Number of protein chains: 2
Amino acid sequence: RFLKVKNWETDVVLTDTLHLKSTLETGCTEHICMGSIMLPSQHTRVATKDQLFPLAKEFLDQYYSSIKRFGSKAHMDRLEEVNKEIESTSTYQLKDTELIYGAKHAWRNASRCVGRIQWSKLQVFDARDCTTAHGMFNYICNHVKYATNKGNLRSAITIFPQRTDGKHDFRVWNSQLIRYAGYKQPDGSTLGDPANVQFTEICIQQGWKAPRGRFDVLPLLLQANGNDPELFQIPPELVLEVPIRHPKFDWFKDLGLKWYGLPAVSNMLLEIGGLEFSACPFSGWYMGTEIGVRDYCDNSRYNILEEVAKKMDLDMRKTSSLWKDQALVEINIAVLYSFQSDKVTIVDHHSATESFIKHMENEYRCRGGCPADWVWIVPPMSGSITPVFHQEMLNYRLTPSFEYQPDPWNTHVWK
Amino acid sequence: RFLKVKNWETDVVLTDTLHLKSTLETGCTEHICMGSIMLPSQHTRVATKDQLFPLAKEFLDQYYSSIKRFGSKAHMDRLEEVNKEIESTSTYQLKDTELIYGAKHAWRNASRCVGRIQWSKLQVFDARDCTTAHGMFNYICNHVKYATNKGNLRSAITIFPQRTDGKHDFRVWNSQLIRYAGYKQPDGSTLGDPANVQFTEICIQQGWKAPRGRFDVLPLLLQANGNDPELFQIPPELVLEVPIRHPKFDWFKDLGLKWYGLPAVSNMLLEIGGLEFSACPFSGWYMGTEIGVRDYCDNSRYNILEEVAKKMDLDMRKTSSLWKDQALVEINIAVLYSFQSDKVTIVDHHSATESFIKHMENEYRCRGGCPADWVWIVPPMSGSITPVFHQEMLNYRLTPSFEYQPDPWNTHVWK
Ligand code: HEM
Ligand code: HEM
Ligand SMILES: Cc1cc(N)nc(COc2cc(CCN3CCC3)cc(F)c2F)c1
Ligand SMILES: Cc1cc(N)nc(COc2cc(CCN3CCC3)cc(F)c2F)c1
Ligand SMILES: C[C@H](O)[C@H](O)[C@H]1CNc2nc(N)[nH]c(=O)c2N1
Ligand SMILES: C[C@H](O)[C@H](O)[C@H]1CNc2nc(N)[nH]c(=O)c2N1
Ligand SMILES: [Zn+2]
């Protein structure tokens with residue numbers, strides 16, 4: 001088919017033929033839709049040689065087709081050359097160019113990502129020569145420094161060697177390079193970030209000297225070629241942080257919150273031409289809601305709506321006073337304010353969602369489509385006053401892609 | 001299968017086997033998901049006699065199974081009796097009991113409805129004896145009065161005769177029984193409600209004396225047995241309205257807004273046992289966001305975020321001041337306040353979404369499932385601070401159901 005998606009705020013219509021090239025499955029059948037299951041058996045990530053050539057063939061056929069050298073001799077030699085090498089070694093290696101293309105297009109194809117207008121502006125750091133945890137720590141530190149750029153943030157990805165057998169496997173055990181620690185208390189309450197409490201304990205299991213407080217930058221746990229991971233502390237000077245004040249409430253400093261500048265997802269798996277990159281941390285800059293709404297106000301995250309309402313002196317008795325809503329807008333005004341007053345790159349959820357629509361336009365004109373996940377594109381506050389609420393989005397799974405993968409501490413055969 | 005849905009705020013898991021009894025299709029394939037297309041060719045509504053018996057059989061098999069008389073003689077006689085009548089007339093008629101059951105279960109199965117905890121408490125008004133537009137006006141007026149109950153709102157539905165040939169067809173041309181008018185201006189701007197401007201013109205086409213202002217209660221356009229529709233004005237005393245003030249801002253009265261108490265969708269189609277009820281207006285009470293967020297603040301609806309921000313004296317220059325968000329919480333505090341201070345039934349979006357989770361529990365315990373549409377369940381503001389943001393929902397199409405249908409003024413062969 002050649003499906004149509006509509007915007008109901010603007011009566012704009014686009015036509016999607018890109019979904020035809022789609023390959024992977026979604027979890028939805030004809031009789032059930034599953035667009036709200038968080039981690040489906042599809043989106044989560046062992047492969048053989050027979051399976052491997054079509055995936056190389058397909059990938060190389062789009063990559064040459066993109067530089068305007070489709071199916072020619074430079075193409076067919078390269079198809080022959082990897083075909084041969086996949087006979088010989090049963091796997092193969094990517095040209096430096098094929099890696100940059102594959103990486104940028106895994107982001108371009110990430111349907112849950114609102115910020116994809118910047119997909120082509122991605123710095124690829126090739127760390128396929130890495131052998132040790134120390135080498136990983138060094139590539140990662142150089143990633144942080146470059147991406148952070150003293151607050152003028154830049155998108156980057158660092159790609160450690162691809163999985164081979166499966167038991168020799170590079171992994172960053174952190175879910176993000178920079179996260180705050182999470183400790184449980186005597187009464188059972190939680191200090192820091194409740195999300196990471198299990199991870200924080202694994203780091204103490206391996207000998208972390210926790211400064212058992214709130215915003216405690218976790219160390220890195222780096223697994224190299226299947227070996228047992230090792231702890232490393234990012235130099236504090238390389239960890240940029242923003243203290244959250246408000247442009248009205250002088251008591252907002254007293255709240256005493258802060259966040260890190262650099263969102264940098266490290267636990268994902270990067271698929272290119274059938275090869276699997278189990279360590280591939282990637283970074284950009286924050287949309288405000290990801291801190292102000294989710295990090296700070298999720299019930300099982302920092303859960304600050306309590307204290308902020310109290311200090312605003314709010315009708316906190318009734319549910320229908322909307323005191324939760326009132327304090328969520330102020331918390332998000334203060335996150336934005338703080339970040340921009342410190343020259344640290346941040347986008348508000350209005351600006352970013354307007355850009356995604358602009359982006360969808362381009363993707364539909366110059367590519368014939370753009371897979372998008374409305375459940376995840378719409379910002380977690382003020383949904384319908386942002387234009388993506390009113391935009392129909394076809395979700396489908398293209399490749400190259402980022403995929404979820406099981407946490408290594410269940411998989412990793414220890415020793 | 002026997003699928004599992006998770007809540008990620010509470011780590012609660014439910015098992016869904018109800019989807020197995022599902023019948024209709026959703027629009028999603030294995031390779032595409034379409035859970036964000038507004039009106040899919042599925043959800044929109046001509047049927048023959050061969051098709052008709054299985055649908056009667058299936059419906060009667062669940063209805064007797066519910067009163068604890070599954071497949072017995074009272075059952076088999078009734079299956080024989082409608083089978084015979086479907087031979088004879090090629091259609092059939094529903095027992096008063098089968099109509100109440102079918103109606104309540106069309107609501108129970110409406111996966112986009114957040115308020116379904118009250119599905120069993122539904123007043124069914126059987127208007128299948130109606131022959132004229134005047135009879136329709138009278139059934140509808142009695143609906144409004146009963147449902148409104150002087151602000152203590154009650155759920156009701158009024159069911160005009162089922163479609164037969166297709167060209168003799170009862171329709172309420174209004175989309176809701178009570179809506180405000182929409183007129184265009186000289187400069188092209190819009191007074192009233194821009195949604196209805198086409199409808200408002202059709203009513204003036206048929207001779208409405210528009211009081212060309214804002215909150216102008218539209219007249220009813222009633223089509224009876226295929227005949228050309230006729231205009232009727234609900235008695236003003238039967239149209240309950242709530243003037244919107246704020247519990248801080250004395251200037252909020254000066255804004256000069258008001259809304260009607262009774263949400264009452266009239267343009268839907270009710271499917272029961274294979275029979276199609278083209279006129280079936282149904283009502284309950286409002287969730288606040290439906291007025292404060294969508295009606296009042298949609299760009300192509302009343303679009304009041306401008307004036308409210310101005311009066312709050314807001315940093316309206318930058319996008320990232322979040323002035324749009326700030327004025328949306330106040331507008332929604334004032335809608336709730338006003339409605340409850342006037343003893344008119346209204347639910348806030350926190351209260352209603354907590355109830356839907358409680359409801360989902362019951363539906364999964366005592367029925368094995370509950371189809372839900374996350375795109376439409378999550379409230380259009382403060383999504384993630386309400387528990388339905390964190391709840392995975394399987395969407396699937398059961399029957400009896402409400403279905404969309406084309407507007408009659410394109411279909412109706414005039415004269
Ligand atoms: C440029 C600034 C960026 C912004 C503002 C941004 C924003 C977001 C947001 C809000 C989400 C939803 C996830 C959540 O809310 O927790 C997301 C998802 C995602 N983004 Fe982006 N992102 C950016 C850059 C990047 C980069 C550089 C990459 C890859 C190189 C990337 C790939 C992804 C992926 C894979 C997902 C998740 C898809 C899934 O879970 O299946 N993003 N992003
Ligand atoms: C009891 C109070 C009720 C509340 C608070 C409520 C709330 C809602 C909301 C917020 C929606 C989403 C639509 C939108 O936002 O525009 C919805 C949809 C819907 N509701 Fe309910 N509703 C109520 C009663 C009812 C009743 C009495 C019926 C039927 C007898 C019903 C059947 C439906 C249907 C069919 C839909 C739309 C599904 C679709 O578009 O496919 N609801 N409701
Ligand atoms: C580079 C970047 C910039 C930015 N601003 N935000 C992000 C967050 O992206 C991601 C978030 C998650 C976590 C899913 N959530 C935790 C439970 C649900 C997984 C991913 F794979 C992402 F890519 C990334
Ligand atoms: C009884 C009741 C109570 C309440 N509080 N709200 C509603 C609204 O329900 C509905 C809304 C729509 C319109 C869809 N929108 C317009 C463009 C998108 C269609 C339906 F079929 C509904 F049922 C109904
Ligand atoms: C159950 C549901 O799928 C889950 O809460 C999703 C909903 N949409 C989301 N959207 C974003 N951007 N991030 C999220 O974590 C989620 N969580
Ligand atoms: C494009 C999208 O499907 C459309 O805007 C939907 C999204 N979710 C919704 N949810 C509700 N409750 N009401 C709506 O009108 C919509 N609109
Ligand atoms: Zn789907």
Side-chain angles (χ1 to χ4, degrees), chain A residues 3 5-6 8-9 19 22-38 288 293-294 297-300 305 319-322 324-326 328-330 332-333 336-337 340 346 348 350-351 372 374-375 378-385 389-397, chain B residues 3 5-6 8-9 19 22-38 288 293-294 297-300 305 319-322 324-326 328-330 332-333 336-337 340 346 348 350-351 372 374-375 378-385 389-397:
Chain A
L3 303 155
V5 310
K6 187 173 173 178
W8 296 87
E9 202 211 309
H19 71 269
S22 152
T23 157
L24 276 157
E25 284 180 327
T26 62
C28 296
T29 73
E30 278 83 342
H31 308 98
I32 199 161
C33 170
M34 260 153 140
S36 87
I37 307 296
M38 174 103 77
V293 187
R294 310 301 310 292
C297 296
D298 275 359
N299 256 341
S300 24
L305 276 180
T319 152
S320 41
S321 64
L322 293 191
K324 280 192 173 164
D325 311 70
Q326 232 166 354
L328 180 99
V329 176
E330 303 299 332
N332 274 275
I333 298 195
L336 298 181
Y337 174 80
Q340 304 148 334
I346 201 179
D348 70 75
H350 303 299
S351 208
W374 194 106
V375 171
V378 178
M381 70 177 294
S382 320
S384 57
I385 77 178
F389 185 100
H390 312 306
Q391 176 61 57
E392 300 169 345
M393 304 164 186
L394 296 173
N395 191 19
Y396 46 87
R397 284 236 294 180
Chain B
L3 303 155
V5 310
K6 187 173 173 178
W8 296 87
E9 202 211 309
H19 71 269
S22 152
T23 157
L24 276 157
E25 284 180 327
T26 62
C28 296
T29 73
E30 278 83 342
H31 308 98
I32 199 161
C33 170
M34 260 153 140
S36 87
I37 307 296
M38 174 103 77
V293 187
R294 310 301 310 292
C297 296
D298 275 359
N299 256 341
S300 24
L305 276 180
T319 152
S320 41
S321 64
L322 293 191
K324 280 192 173 164
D325 311 70
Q326 232 166 354
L328 180 99
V329 176
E330 303 299 332
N332 274 275
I333 298 195
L336 298 181
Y337 174 80
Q340 304 148 334
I346 201 179
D348 70 75
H350 303 299
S351 208
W374 194 106
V375 171
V378 178
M381 70 177 294
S382 320
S384 57
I385 77 178
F389 185 100
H390 312 306
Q391 176 61 57
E392 300 169 345
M393 304 164 186
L394 296 173
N395 191 19
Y396 46 87
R397 284 236 294 180

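All values below were derived from every heavy atom in this structure, side-chain atoms included, with hydrogens, water molecules and symmetry-related copies excluded. In what follows, every chain begins at residue 1, and chains take the letters A, B, ... in the order their sequences are listed.
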Requested in this report: Quick one: do B/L322 and A/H350 satisfy side-chain contact (heavy atoms from CB on, under 4.5 Å)? Show the steps, please.
Outcome: CA-CA 9 Å; B/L322 293 191; A/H350 303 299; 3.7 Å; yes
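- Looking at A/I346, there are no atoms closer than 4.5 Å to chain B (heavy atoms on both sides), in backbone or side chain.
- Counting heavy-atom pairs closer than 4.5 Å to chain B, the top residue among A/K324, A/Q326, A/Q391 is A/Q326.
- With a threshold of 4.5 angstrom between heavy atoms, A/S22 approaches chain B through side-chain atoms but not through N, CA, C or O.
- Ranked by heavy-atom pairs under 4.5 Å with chain A, the first of B/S320, B/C297, B/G35, B/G288 is B/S320.
- Your options are A/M381, A/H19, A/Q340, and the one with the most heavy-atom pairs under 4.5 Å with chain B is A/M381.
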Report task. Report the C-alpha separation of B/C33 and A/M34 in whole Å, then their side-chain angles, then the decisive distance to 0.1 Å, and conclude whether the side-chain contact (heavy atoms from CB on, under 4.5 Å) test is met. Result -> CA-CA 8 Å; B/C33 170; A/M34 260 153 140; over 6 Å; no
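- Top candidate by heavy-atom pairs under 4.5 Å with chain B, chosen from A/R397, A/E330, A/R294, is A/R294.
- Judged by distance alone, the side chain of B/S36 and the main-chain N or O of A/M393 form a donor-acceptor pair under 3.5 Å.
- Both the backbone and the side chain of B/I333 come within less than 4.5 Å of a heavy atom in chain A.
- Shown here for A/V329 and B/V329, the closest heavy-atom pair between the two residues is CG2-CG2, 3.8 Å.
- A donor-acceptor pair shorter than 3.5 Å cannot be found between the side chains of B/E392 and B/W374.
- With a threshold of 4.5 angstrom between heavy atoms, B/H31 approaches chain A through its backbone and through its side chain.
- Of all the listed residues (B/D348, B/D325, B/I32), the one sharing the greatest number of non-hydrogen pairs under 4.5 Å with chain A is B/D325.
- One N or O on the side chain of A/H390 and one on the backbone of A/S384 form a donor-acceptor pair closer than 3.5 Å.
- Looking at B/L336, only its side chain comes within 4.5 Å of chain A, counting heavy atoms on both sides.
- Looking only at heavy-atom pairs under 4.5 Å with chain A, the residue among B/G383, B/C28, B/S351 that has the most is B/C28.
- Formation of a donor-acceptor pair under 3.5 Å by the B/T26 side chain with backbone atoms of A/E30 is found in this model.
- Contacts with chain B were tallied for A/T319, A/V375, A/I385, A/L394; A/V375 has the most, counting heavy-atom pairs under 4.5 Å.
- Proximity to chain A (any heavy atom under 4.5 Å) is shown, for B/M38, by both the backbone and the side chain.
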